[PDB]
């Protein structure tokens, strides 16, 4: 009889995040022009303060990634030329900085980050790739990295998520009160043992409510003077109300599919890492899969909703606080505009937090 082929194990080797220096309270003057603000509104979404990149002080989607990536490569003793692939995601179509690679380039739609960043960091052998799945982009990049590693097409993959969403927020609208900026960097490698692997994942999309949450070129919601059009995050009030039960159930669907592929059940999971859109959404997802409140964290309180960085930040938080331990089997899951849904079942070993 012949022998079965075996995919390489995927090690989640290191992870780090880089958040804005400044925080904004719910009463910060930045929201002075926001209507329909109430104390109940703030309590419902669970955001107490958030951070925005301050470009005047040198903070942008690129500069903070370079700091986070250089710190992770240095702490993990990873030679730049040993990275085989770099996968980046940035939900804001507007980028602002390109470091020393393109010093004269200011606000831009393209190029994206991967190719420029690989040159800034000296990733001389890295295939650059720029993916887009909004809040689920970190899971998408892990899935892509894992498949490349599993099939032997890469041995070290650097994953990057940088969200400069504040440059799309209309501060004359309540839509600007939740989202926030942040960066995340992770390193995935071919495992040398059985301690760490991505057991299974499930991704699916549904464009029924595509028009609900969009990025649209428009004037401010409540402009003043001769306001100029900008690319703004836009919400369709009357469509969002229709999708009542659609996000709460589809993340569990993804989690169920991924656990089914992994041959596991909710009882076999030690901890959960969810996207952080709202406390009621995280609890609905957790209850939809059988997770108890002590099996996951809510992290939007001091950071805000950082789109694709919320998941990696919560993962890092769980690791740093000892709630996620080596040998634990966790599930990572979240939703994204589009809409998209992703879930991953991980066997975790020792993960360097830096």
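Residue numbers count along the first chain shown, from 1.
Averaged over CA atoms, B-factors in the entry run higher in 226-234 than in the other of 182-190 and 226-234.
Taking only CA atoms, the mean B-factor in the PDB entry is higher for 291-299 than for the other of 305-313 and 291-299. Each of 147, 266, 120, 167 has a CA temperature factor in the record; the biggest one is found at 266.
When the CA B factors of the chain's modelled residues are split into thirds, the value for residue 214 lands in the middle one.
For residue 100, the recorded CA B-factor ranks within the highest third of the chain. Only modelled residues enter the ranking. When the modelled residues of the chain are ordered by their C-alpha B factor, residue 245 lands in the highest third. In this PDB entry, the Cα temperature factor of residue 281 sits in the top third of its chain's modelled residues, the highest group. Remark: residue 197 belongs to the lowest third of its chain, ranked by C-alpha B-factor as recorded.
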